[PDB]
>>> print(open('my_file_19.cif').read())   # mmCIF, C-alpha atoms; chains and numbers go by the auth columns
data_work
loop_
_atom_site.group_PDB
_atom_site.id
_atom_site.type_symbol
_atom_site.label_atom_id
_atom_site.label_comp_id
_atom_site.label_asym_id
_atom_site.label_seq_id
_atom_site.Cartn_x
_atom_site.Cartn_y
_atom_site.Cartn_z
_atom_site.B_iso_or_equiv
_atom_site.auth_seq_id
_atom_site.auth_asym_id
ATOM 1 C CA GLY A 1 29.276 -4.250 46.016 0.00 1 T
ATOM 2 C CA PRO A 2 31.989 -2.621 48.128 0.00 2 T
ATOM 3 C CA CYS A 3 34.910 -4.694 46.813 0.00 3 T
ATOM 4 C CA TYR A 4 33.633 -5.435 43.312 0.00 4 T
ATOM 5 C CA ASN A 5 36.694 -5.773 41.083 0.00 5 T
ATOM 6 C CA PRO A 6 35.537 -4.438 37.693 0.00 6 T
ATOM 7 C CA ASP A 7 38.277 -5.686 35.365 0.00 7 T
ATOM 8 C CA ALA A 8 38.093 -9.173 36.896 0.00 8 T
ATOM 9 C CA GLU A 9 34.385 -9.450 36.023 0.00 9 T
ATOM 10 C CA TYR A 10 34.097 -8.005 32.498 0.00 10 T
ATOM 11 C CA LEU A 11 35.692 -10.011 29.729 0.00 11 T
ATOM 12 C CA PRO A 12 38.341 -8.223 27.646 0.00 12 T
ATOM 13 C CA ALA A 13 36.725 -7.249 24.367 0.00 13 T
ATOM 14 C CA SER A 14 38.036 -8.409 21.003 0.00 14 T
ATOM 15 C CA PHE A 15 36.599 -8.865 17.517 0.00 15 T
ATOM 16 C CA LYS A 16 37.947 -11.372 14.991 0.00 16 T
ATOM 17 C CA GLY A 17 41.057 -11.832 17.126 0.00 17 T
ATOM 18 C CA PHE A 18 41.972 -8.144 17.316 0.00 18 T
ATOM 19 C CA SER A 19 41.712 -7.094 20.946 0.00 19 T
ATOM 20 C CA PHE A 20 40.535 -3.715 22.194 0.00 20 T
ATOM 21 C CA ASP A 21 39.199 -2.118 25.353 0.00 21 T
ATOM 22 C CA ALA A 22 35.502 -1.319 25.423 0.00 22 T
ATOM 23 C CA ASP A 23 33.747 1.465 27.275 0.00 23 T
ATOM 24 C CA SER A 24 30.107 0.392 26.858 0.00 24 T
ATOM 25 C CA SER A 25 28.063 -2.700 26.091 0.00 25 T
ATOM 26 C CA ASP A 26 24.457 -2.843 24.900 0.00 26 T
ATOM 27 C CA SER A 27 22.073 -5.408 23.430 0.00 27 T
ATOM 28 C CA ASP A 28 18.656 -5.527 21.781 0.00 28 T
ATOM 29 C CA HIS A 29 17.145 -8.920 22.582 0.00 29 T
ATOM 30 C CA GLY A 30 13.449 -9.463 22.037 0.00 30 T
ATOM 31 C CA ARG A 31 10.735 -11.575 20.485 0.00 31 T
ATOM 32 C CA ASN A 32 8.431 -10.605 17.621 0.00 32 T
ATOM 33 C CA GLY A 33 4.759 -11.476 17.242 0.00 33 T
ATOM 34 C CA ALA A 34 1.469 -10.228 15.856 0.00 34 T
ATOM 35 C CA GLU A 35 -1.193 -8.132 17.594 0.00 35 T
ATOM 36 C CA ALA A 36 -4.853 -8.697 16.777 0.00 36 T
ATOM 37 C CA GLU A 37 -7.435 -5.965 17.355 0.00 37 T
ATOM 38 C CA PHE A 38 -10.762 -7.461 16.218 0.00 38 T
ATOM 39 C CA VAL A 39 -13.276 -4.755 15.387 0.00 39 T
ATOM 40 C CA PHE A 40 -16.045 -3.831 17.839 0.00 40 T
ATOM 41 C CA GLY A 41 -14.594 -6.123 20.468 0.00 41 T
ATOM 42 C CA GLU A 42 -13.238 -5.896 24.011 0.00 42 T
ATOM 43 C CA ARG A 43 -10.578 -8.472 23.260 0.00 43 T
ATOM 44 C CA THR A 44 -7.091 -8.725 21.830 0.00 44 T
ATOM 45 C CA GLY A 45 -4.980 -11.442 20.257 0.00 45 T
ATOM 46 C CA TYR A 46 -1.321 -12.341 20.147 0.00 46 T
ATOM 47 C CA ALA A 47 0.638 -14.857 18.095 0.00 47 T
ATOM 48 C CA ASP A 48 4.332 -15.428 18.681 0.00 48 T
ATOM 49 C CA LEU A 49 6.164 -15.426 15.354 0.00 49 T
ATOM 50 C CA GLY A 50 9.731 -16.273 16.335 0.00 50 T
ATOM 51 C CA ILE A 51 12.932 -14.767 17.755 0.00 51 T
ATOM 52 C CA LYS A 52 14.073 -11.190 17.216 0.00 52 T
ATOM 53 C CA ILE A 53 17.572 -10.864 15.779 0.00 53 T
ATOM 54 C CA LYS A 54 20.111 -9.654 18.322 0.00 54 T
ATOM 55 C CA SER A 55 22.380 -6.662 17.893 0.00 55 T
ATOM 56 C CA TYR A 56 25.245 -5.400 20.022 0.00 56 T
ATOM 57 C CA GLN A 57 26.579 -1.878 20.481 0.00 57 T
ATOM 58 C CA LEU A 58 30.030 -1.054 21.823 0.00 58 T
ATOM 59 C CA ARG A 59 32.304 1.961 22.205 0.00 59 T
ATOM 60 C CA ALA A 60 36.075 1.510 21.961 0.00 60 T
ATOM 61 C CA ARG A 61 38.731 3.893 23.256 0.00 61 T
ATOM 62 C CA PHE A 62 42.305 4.378 22.082 0.00 62 T
ATOM 63 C CA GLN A 63 44.418 6.513 24.438 0.00 63 T
ATOM 64 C CA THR A 64 48.065 5.853 23.683 0.00 64 T
ATOM 65 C CA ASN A 65 50.923 7.624 21.961 0.00 65 T
ATOM 66 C CA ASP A 66 50.170 5.267 19.058 0.00 66 T
ATOM 67 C CA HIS A 67 46.379 5.437 18.911 0.00 67 T
ATOM 68 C CA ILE A 68 46.417 6.401 15.223 0.00 68 T
ATOM 69 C CA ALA A 69 48.162 3.181 14.221 0.00 69 T
ATOM 70 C CA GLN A 70 45.868 1.119 16.438 0.00 70 T
ATOM 71 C CA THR A 71 42.793 2.848 15.045 0.00 71 T
ATOM 72 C CA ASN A 72 43.918 2.171 11.481 0.00 72 T
ATOM 73 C CA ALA A 73 44.634 -1.492 12.233 0.00 73 T
ATOM 74 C CA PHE A 74 41.215 -1.799 13.861 0.00 74 T
ATOM 75 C CA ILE A 75 39.618 -0.230 10.786 0.00 75 T
ATOM 76 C CA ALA A 76 41.414 -2.704 8.542 0.00 76 T
ATOM 77 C CA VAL A 77 40.142 -5.611 10.641 0.00 77 T
ATOM 78 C CA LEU A 78 36.542 -4.381 10.832 0.00 78 T
ATOM 79 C CA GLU A 79 36.338 -4.176 7.033 0.00 79 T
ATOM 80 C CA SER A 80 37.556 -7.731 6.514 0.00 80 T
ATOM 81 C CA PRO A 81 35.019 -9.876 4.647 0.00 81 T
ATOM 82 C CA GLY A 82 32.484 -12.015 6.432 0.00 82 T
ATOM 83 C CA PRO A 83 31.283 -12.420 10.003 0.00 83 T
ATOM 84 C CA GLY A 84 33.706 -13.069 12.820 0.00 84 T
ATOM 85 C CA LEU A 85 33.920 -14.143 16.422 0.00 85 T
ATOM 86 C CA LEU A 86 33.254 -11.350 18.921 0.00 86 T
ATOM 87 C CA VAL A 87 33.899 -11.301 22.659 0.00 87 T
ATOM 88 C CA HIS A 88 31.193 -9.134 24.172 0.00 88 T
ATOM 89 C CA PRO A 89 32.341 -8.002 27.633 0.00 89 T
ATOM 90 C CA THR A 90 29.119 -8.966 29.421 0.00 90 T
ATOM 91 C CA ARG A 91 27.699 -11.619 27.064 0.00 91 T
ATOM 92 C CA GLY A 92 30.753 -13.698 26.273 0.00 92 T
ATOM 93 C CA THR A 93 31.575 -15.099 22.865 0.00 93 T
ATOM 94 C CA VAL A 94 29.166 -14.684 19.934 0.00 94 T
ATOM 95 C CA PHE A 95 29.423 -14.666 16.181 0.00 95 T
ATOM 96 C CA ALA A 96 28.816 -11.134 15.049 0.00 96 T
ATOM 97 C CA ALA A 97 29.251 -9.056 11.920 0.00 97 T
ATOM 98 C CA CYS A 98 30.115 -5.381 11.822 0.00 98 T
ATOM 99 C CA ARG A 99 27.467 -2.995 10.543 0.00 99 T
ATOM 100 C CA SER A 100 28.898 0.482 11.243 0.00 100 T
ATOM 101 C CA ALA A 101 31.953 1.924 12.976 0.00 101 T
ATOM 102 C CA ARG A 102 32.099 5.687 13.469 0.00 102 T
ATOM 103 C CA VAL A 103 35.592 6.991 14.296 0.00 103 T
ATOM 104 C CA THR A 104 35.507 10.379 16.022 0.00 104 T
ATOM 105 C CA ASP A 105 38.830 12.195 16.312 0.00 105 T
ATOM 106 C CA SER A 106 39.333 15.897 17.065 0.00 106 T
ATOM 107 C CA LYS A 107 42.674 17.693 17.162 0.00 107 T
ATOM 108 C CA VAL A 108 42.415 21.138 18.775 0.00 108 T
ATOM 109 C CA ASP A 109 39.675 19.881 21.086 0.00 109 T
ATOM 110 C CA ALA A 110 40.878 16.478 22.309 0.00 110 T
ATOM 111 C CA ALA A 111 44.179 15.260 20.909 0.00 111 T
ATOM 112 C CA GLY A 112 45.482 11.884 21.928 0.00 112 T
ATOM 113 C CA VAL A 113 42.212 9.992 22.369 0.00 113 T
ATOM 114 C CA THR A 114 40.146 8.295 19.654 0.00 114 T
ATOM 115 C CA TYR A 115 36.650 6.874 20.187 0.00 115 T
ATOM 116 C CA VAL A 116 34.971 4.314 17.930 0.00 116 T
ATOM 117 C CA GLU A 117 31.237 3.534 17.989 0.00 117 T
ATOM 118 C CA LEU A 118 30.666 -0.055 16.816 0.00 118 T
ATOM 119 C CA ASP A 119 27.414 -1.786 15.827 0.00 119 T
ATOM 120 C CA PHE A 120 27.404 -5.592 15.437 0.00 120 T
ATOM 121 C CA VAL A 121 24.717 -8.129 14.505 0.00 121 T
ATOM 122 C CA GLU A 122 24.305 -11.791 15.399 0.00 122 T
ATOM 123 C CA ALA A 123 25.492 -13.575 12.262 0.00 123 T
ATOM 124 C CA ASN A 124 24.957 -17.284 11.607 0.00 124 T
ATOM 125 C CA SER A 125 25.517 -19.163 8.351 0.00 125 T
ATOM 126 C CA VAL A 126 22.768 -21.067 6.721 0.00 126 T
ATOM 127 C CA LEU A 127 24.477 -23.469 4.393 0.00 127 T
ATOM 128 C CA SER A 128 23.952 -22.538 0.750 0.00 128 T
ATOM 129 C CA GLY A 129 20.884 -24.266 -0.601 0.00 129 T
ATOM 130 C CA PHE A 130 18.215 -23.320 1.892 0.00 130 T
ATOM 131 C CA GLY A 131 18.499 -26.119 4.429 0.00 131 T
ATOM 132 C CA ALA B 1 -18.858 14.649 -9.793 0.00 1 U
ATOM 133 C CA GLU B 2 -17.685 14.191 -13.370 0.00 2 U
ATOM 134 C CA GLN B 3 -19.983 14.721 -16.355 0.00 3 U
ATOM 135 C CA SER B 4 -17.634 14.289 -19.309 0.00 4 U
ATOM 136 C CA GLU B 5 -18.439 14.513 -23.019 0.00 5 U
ATOM 137 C CA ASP B 6 -16.392 11.734 -24.661 0.00 6 U
ATOM 138 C CA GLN B 7 -19.016 9.096 -23.796 0.00 7 U
ATOM 139 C CA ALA B 8 -22.224 10.675 -25.142 0.00 8 U
ATOM 140 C CA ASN B 9 -24.011 10.339 -28.480 0.00 9 U
ATOM 141 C CA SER B 10 -26.747 12.347 -30.204 0.00 10 U
ATOM 142 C CA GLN B 11 -28.274 9.833 -32.643 0.00 11 U
ATOM 143 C CA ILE B 12 -28.087 6.072 -32.118 0.00 12 U
ATOM 144 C CA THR B 13 -29.101 4.158 -35.244 0.00 13 U
ATOM 145 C CA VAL B 14 -29.909 0.478 -34.720 0.00 14 U
ATOM 146 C CA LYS B 15 -29.921 -1.748 -37.818 0.00 15 U
ATOM 147 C CA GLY B 16 -30.057 -5.512 -38.233 0.00 16 U
ATOM 148 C CA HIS B 17 -32.038 -8.291 -39.916 0.00 17 U
ATOM 149 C CA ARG B 18 -35.380 -10.011 -39.402 0.00 18 U
ATOM 150 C CA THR B 19 -35.252 -13.546 -38.013 0.00 19 U
ATOM 151 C CA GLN B 20 -38.963 -14.418 -38.036 0.00 20 U
ATOM 152 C CA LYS B 21 -40.462 -17.403 -39.855 0.00 21 U
ATOM 153 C CA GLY B 22 -41.215 -16.865 -43.543 0.00 22 U
ATOM 154 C CA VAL B 23 -40.027 -13.256 -43.679 0.00 23 U
ATOM 155 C CA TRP B 24 -37.382 -12.884 -46.386 0.00 24 U
ATOM 156 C CA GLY B 25 -36.045 -10.409 -48.912 0.00 25 U
ATOM 157 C CA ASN B 26 -36.612 -6.695 -48.404 0.00 26 U
ATOM 158 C CA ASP B 27 -38.877 -7.063 -45.358 0.00 27 U
ATOM 159 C CA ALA B 28 -36.001 -8.932 -43.687 0.00 28 U
ATOM 160 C CA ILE B 29 -32.955 -7.226 -45.230 0.00 29 U
ATOM 161 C CA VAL B 30 -33.914 -3.600 -45.947 0.00 30 U
ATOM 162 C CA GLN B 31 -36.638 -2.178 -43.674 0.00 31 U
ATOM 163 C CA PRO B 32 -35.388 -2.877 -40.105 0.00 32 U
ATOM 164 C CA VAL B 33 -33.809 0.371 -38.900 0.00 33 U
ATOM 165 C CA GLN B 34 -34.425 2.908 -36.139 0.00 34 U
ATOM 166 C CA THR B 35 -32.906 6.240 -35.101 0.00 35 U
ATOM 167 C CA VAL B 36 -33.332 7.242 -31.456 0.00 36 U
ATOM 168 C CA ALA B 37 -32.019 10.601 -30.255 0.00 37 U
ATOM 169 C CA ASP B 38 -30.886 12.135 -26.957 0.00 38 U
ATOM 170 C CA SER B 39 -31.914 15.800 -27.195 0.00 39 U
ATOM 171 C CA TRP B 40 -29.463 16.781 -24.450 0.00 40 U
ATOM 172 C CA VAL B 41 -25.938 16.167 -25.783 0.00 41 U
ATOM 173 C CA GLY B 42 -25.462 18.810 -28.460 0.00 42 U
ATOM 174 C CA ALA B 43 -23.848 18.636 -31.906 0.00 43 U
ATOM 175 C CA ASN B 44 -24.052 15.697 -34.318 0.00 44 U
ATOM 176 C CA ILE B 45 -22.204 12.876 -32.563 0.00 45 U
ATOM 177 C CA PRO B 46 -23.740 9.964 -34.520 0.00 46 U
ATOM 178 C CA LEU B 47 -23.360 6.228 -33.912 0.00 47 U
ATOM 179 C CA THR B 48 -24.529 2.851 -35.180 0.00 48 U
ATOM 180 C CA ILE B 49 -24.883 -0.061 -32.744 0.00 49 U
ATOM 181 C CA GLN B 50 -26.073 -3.063 -34.738 0.00 50 U
ATOM 182 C CA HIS B 51 -28.600 -5.603 -33.482 0.00 51 U
ATOM 183 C CA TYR B 52 -28.278 -9.376 -33.061 0.00 52 U
ATOM 184 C CA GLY B 53 -31.727 -10.891 -32.833 0.00 53 U
ATOM 185 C CA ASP B 54 -35.168 -10.672 -34.500 0.00 54 U
ATOM 186 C CA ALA B 55 -34.884 -7.009 -35.360 0.00 55 U
ATOM 187 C CA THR B 56 -38.357 -5.588 -34.761 0.00 56 U
ATOM 188 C CA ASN B 57 -39.119 -1.876 -34.668 0.00 57 U
ATOM 189 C CA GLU B 58 -39.699 -2.178 -30.927 0.00 58 U
ATOM 190 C CA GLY B 59 -36.602 -4.373 -30.637 0.00 59 U
ATOM 191 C CA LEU B 60 -34.497 -1.787 -32.455 0.00 60 U
ATOM 192 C CA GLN B 61 -35.759 1.211 -30.480 0.00 61 U
ATOM 193 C CA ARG B 62 -35.421 -0.756 -27.239 0.00 62 U
ATOM 194 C CA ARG B 63 -31.782 -1.765 -27.705 0.00 63 U
ATOM 195 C CA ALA B 64 -31.264 1.862 -28.746 0.00 64 U
ATOM 196 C CA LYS B 65 -32.840 3.294 -25.587 0.00 65 U
ATOM 197 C CA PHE B 66 -30.930 0.778 -23.451 0.00 66 U
ATOM 198 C CA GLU B 67 -27.610 2.070 -24.712 0.00 67 U
ATOM 199 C CA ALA B 68 -28.971 5.633 -24.638 0.00 68 U
ATOM 200 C CA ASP B 69 -29.433 5.071 -20.904 0.00 69 U
ATOM 201 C CA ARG B 70 -26.007 3.461 -20.436 0.00 70 U
ATOM 202 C CA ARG B 71 -24.160 6.350 -22.114 0.00 71 U
ATOM 203 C CA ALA B 72 -26.449 8.773 -20.270 0.00 72 U
ATOM 204 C CA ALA B 73 -25.739 7.202 -16.881 0.00 73 U
ATOM 205 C CA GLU B 74 -22.004 7.290 -17.555 0.00 74 U
ATOM 206 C CA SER B 75 -22.033 10.983 -18.531 0.00 75 U
ATOM 207 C CA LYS B 76 -22.662 12.144 -14.930 0.00 76 U
ATOM 208 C CA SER B 77 -20.816 9.992 -12.390 0.00 77 U
ATOM 209 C CA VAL B 78 -21.081 11.214 -8.787 0.00 78 U
ATOM 210 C CA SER B 79 -18.923 9.329 -6.284 0.00 79 U
ATOM 211 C CA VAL B 80 -19.718 10.291 -2.689 0.00 80 U
ATOM 212 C CA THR B 81 -18.089 9.052 0.505 0.00 81 U
ATOM 213 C CA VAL B 82 -20.423 9.285 3.478 0.00 82 U
ATOM 214 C CA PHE B 83 -19.903 8.311 7.122 0.00 83 U
ATOM 215 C CA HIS B 84 -21.580 5.466 8.958 0.00 84 U
ATOM 216 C CA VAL B 85 -23.033 2.454 7.182 0.00 85 U
ATOM 217 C CA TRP B 86 -29.793 0.054 1.258 0.00 86 U
ATOM 218 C CA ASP B 87 -29.302 1.873 -2.019 0.00 87 U
ATOM 219 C CA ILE B 88 -28.544 -0.527 -4.874 0.00 88 U
ATOM 220 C CA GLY B 89 -31.307 1.121 -6.884 0.00 89 U
ATOM 221 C CA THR B 90 -32.541 3.763 -4.475 0.00 90 U
ATOM 222 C CA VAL B 91 -33.077 7.330 -5.576 0.00 91 U
ATOM 223 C CA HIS B 92 -32.051 10.209 -3.317 0.00 92 U
ATOM 224 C CA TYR B 93 -32.211 13.964 -3.466 0.00 93 U
ATOM 225 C CA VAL B 94 -28.675 15.341 -3.639 0.00 94 U
ATOM 226 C CA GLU B 95 -27.688 18.977 -3.102 0.00 95 U
ATOM 227 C CA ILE B 96 -24.187 20.076 -4.089 0.00 96 U
ATOM 228 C CA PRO B 97 -24.702 23.722 -5.119 0.00 97 U
ATOM 229 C CA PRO B 98 -21.046 24.514 -5.971 0.00 98 U
ATOM 230 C CA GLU B 99 -21.191 21.980 -8.822 0.00 99 U
ATOM 231 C CA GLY B 100 -24.815 22.847 -9.486 0.00 100 U
ATOM 232 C CA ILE B 101 -26.458 19.604 -8.346 0.00 101 U
ATOM 233 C CA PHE B 102 -29.988 20.076 -7.013 0.00 102 U
ATOM 234 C CA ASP B 103 -31.420 16.849 -8.331 0.00 103 U
ATOM 235 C CA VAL B 104 -32.758 13.331 -7.737 0.00 104 U
ATOM 236 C CA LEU B 105 -30.201 10.632 -8.510 0.00 105 U
ATOM 237 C CA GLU B 106 -30.065 6.824 -8.483 0.00 106 U
ATOM 238 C CA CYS B 107 -27.260 5.000 -6.684 0.00 107 U
ATOM 239 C CA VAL B 108 -25.663 2.542 -9.086 0.00 108 U
ATOM 240 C CA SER B 109 -23.066 1.242 -6.623 0.00 109 U
ATOM 241 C CA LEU B 110 -22.624 0.809 -2.886 0.00 110 U
ATOM 242 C CA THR B 111 -19.403 -0.002 -1.007 0.00 111 U
ATOM 243 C CA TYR B 112 -19.140 -0.415 2.768 0.00 112 U
ATOM 244 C CA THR B 113 -15.596 -0.308 4.142 0.00 113 U
ATOM 245 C CA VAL B 114 -14.159 -0.857 7.578 0.00 114 U
ATOM 246 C CA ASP B 115 -10.850 -1.143 9.340 0.00 115 U
ATOM 247 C CA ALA B 116 -10.412 -0.856 13.110 0.00 116 U
ATOM 248 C CA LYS B 117 -8.605 2.426 13.223 0.00 117 U
ATOM 249 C CA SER B 118 -10.204 5.035 11.115 0.00 118 U
ATOM 250 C CA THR B 119 -13.076 3.979 8.910 0.00 119 U
ATOM 251 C CA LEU B 120 -16.680 2.898 8.685 0.00 120 U
ATOM 252 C CA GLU B 121 -17.522 4.772 5.494 0.00 121 U
ATOM 253 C CA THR B 122 -19.784 4.148 2.513 0.00 122 U
ATOM 254 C CA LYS B 123 -18.982 5.006 -1.112 0.00 123 U
ATOM 255 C CA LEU B 124 -21.944 5.537 -3.448 0.00 124 U
ATOM 256 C CA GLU B 125 -21.897 5.912 -7.222 0.00 125 U
ATOM 257 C CA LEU B 126 -25.019 7.689 -8.480 0.00 126 U
ATOM 258 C CA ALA B 127 -27.083 8.033 -11.677 0.00 127 U
ATOM 259 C CA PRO B 128 -27.543 11.190 -13.754 0.00 128 U
ATOM 260 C CA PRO B 129 -30.518 13.546 -13.584 0.00 129 U
ATOM 261 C CA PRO B 130 -30.842 14.091 -17.382 0.00 130 U
#
>>> encode(input="my_file_19.cif", output="structure tokens")
Amino acid sequence: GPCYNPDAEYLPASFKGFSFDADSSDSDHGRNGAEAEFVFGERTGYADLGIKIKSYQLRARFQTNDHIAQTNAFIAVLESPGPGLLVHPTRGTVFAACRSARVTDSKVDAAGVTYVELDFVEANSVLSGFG
Amino acid sequence: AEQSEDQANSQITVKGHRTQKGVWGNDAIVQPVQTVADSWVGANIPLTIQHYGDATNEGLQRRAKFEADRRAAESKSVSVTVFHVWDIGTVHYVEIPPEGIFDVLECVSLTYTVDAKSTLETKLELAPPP
């Protein structure tokens, strides 16, 4: 639109309480099933086997005179045990668990800014004794 | 093709005992023996496969020749995989000059396989041309 206010439409990102500003937002929804290819036949089969596990991909930026301290605090939070509550900017609140967080940081090429590539997974508990 | 030499035997001696009615002593304990030979193997690889019923001369020689065909048929095993898919006892002429086969062989086995992607092939196991 012509007067689309961006930061009043995307939710502020935050994982496990620690807030940060995101620069991207992806997802990998789906649904998994079989595919039957009977021999010598002009026919095909399909059988829906469930729900495909979701995964989210984000990219955080830290552009402040104290981006090193913020990056280190973010690293300490991401490596805290167990899944946590994530606020995806375009999908709202989910329960996710971190899977990888690459922290790129040059000095004589781009000093001041730090980018972090995050990869989360939908994480639900079960119980303990298989249901 | 694999014609090994650890499963061959020159002389097969069949011994046993006579189980007929009335026959006792020597004629049922001593005489029954037979020594069949496969004049293809080579050096003296002897053997003794003993018999387990009414050991007649014909019975002895016949068990002997049975095993002398088993060991023979195992000493040249030719597995071939052919393309498209009647040979459980069929004989065929086979020509594989590089391994020196120019002979008429009997298919012991037959396996048809399929899988919608890349298959339809038949695996034959054949019988030696002594």
>>> interface_residues(input="my_file_19.cif", of="chain T", to="chain U", cutoff="12 Å", atoms="all atoms listed in the file", output="list in words")
residues 36, 37, 38, 39, 40 and 41 of chain T
>>> closest_residue(input="my_file_19.cif", among="U:10, U:119, U:79, U:109", to="residue 65 in chain U", atoms="all atoms listed in the file")
U:10
>>> residues_around(input="my_file_19.cif", residues="residue 96 in chain U", least_positions_apart="6", cutoff="12 Å", atoms="only C-alpha atoms", output="NGL selection string")
:U and (1 or 78 or 80 or 102-104)
>>> resolve_selection(input="my_file_19.cif", expression="the PyMOL selection byres ((chain T and resi 84-93) around 8)", output="ChimeraX atom specification")
/T:10-17,22,25,82-83,94-97
>>> resolve_selection(input="my_file_19.cif", expression="the PyMOL selection byres ((chain T and resi 51) around 8)", output="list in words")
residues 30, 31, 32, 49, 50, 52 and 53 of chain T
>>> closest_residue(input="my_file_19.cif", among="T:129, T:112, T:6, T:1", to="residue 66 in chain T", atoms="only C-alpha atoms")
T:112
>>> residues_around(input="my_file_19.cif", residues="residue 113 in chain U", least_positions_apart="6", cutoff="12 Å", atoms="all atoms listed in the file", output="PDB file with C-alpha atoms, in the frame of the given file")
ATOM      1  CA  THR U  81     -18.089   9.052   0.505  1.00  0.00           C
ATOM      2  CA  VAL U  82     -20.423   9.285   3.478  1.00  0.00           C
ATOM      3  CA  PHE U  83     -19.903   8.311   7.122  1.00  0.00           C
ATOM      4  CA  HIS U  84     -21.580   5.466   8.958  1.00  0.00           C
ATOM      5  CA  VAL U  85     -23.033   2.454   7.182  1.00  0.00           C
ATOM      6  CA  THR U 119     -13.076   3.979   8.910  1.00  0.00           C
ATOM      7  CA  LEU U 120     -16.680   2.898   8.685  1.00  0.00           C
ATOM      8  CA  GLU U 121     -17.522   4.772   5.494  1.00  0.00           C
ATOM      9  CA  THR U 122     -19.784   4.148   2.513  1.00  0.00           C
ATOM     10  CA  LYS U 123     -18.982   5.006  -1.112  1.00  0.00           C
ATOM     11  CA  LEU U 124     -21.944   5.537  -3.448  1.00  0.00           C
TER      12      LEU U 124
END
>>> resolve_selection(input="my_file_19.cif", expression="the PyMOL selection byres ((chain U and resi 5-9) around 9)", output="PyMOL selection string")
chain U and resi 3-4+10-12+37-38+41-47+68+71-72+74-75
>>> closest_residue(input="my_file_19.cif", among="T:24, T:55, T:72, T:44", to="residue 123 in chain T", atoms="all atoms listed in the file")
T:55
>>> axis_aligned_box(input="my_file_19.cif", around="range 30-39 of chain U", padding_each_side="6 Å", output="JSON")
{"center_x": -33.8, "center_y": 6.1, "center_z": -36.5, "size_x": 17.8, "size_y": 31.4, "size_z": 31.0}
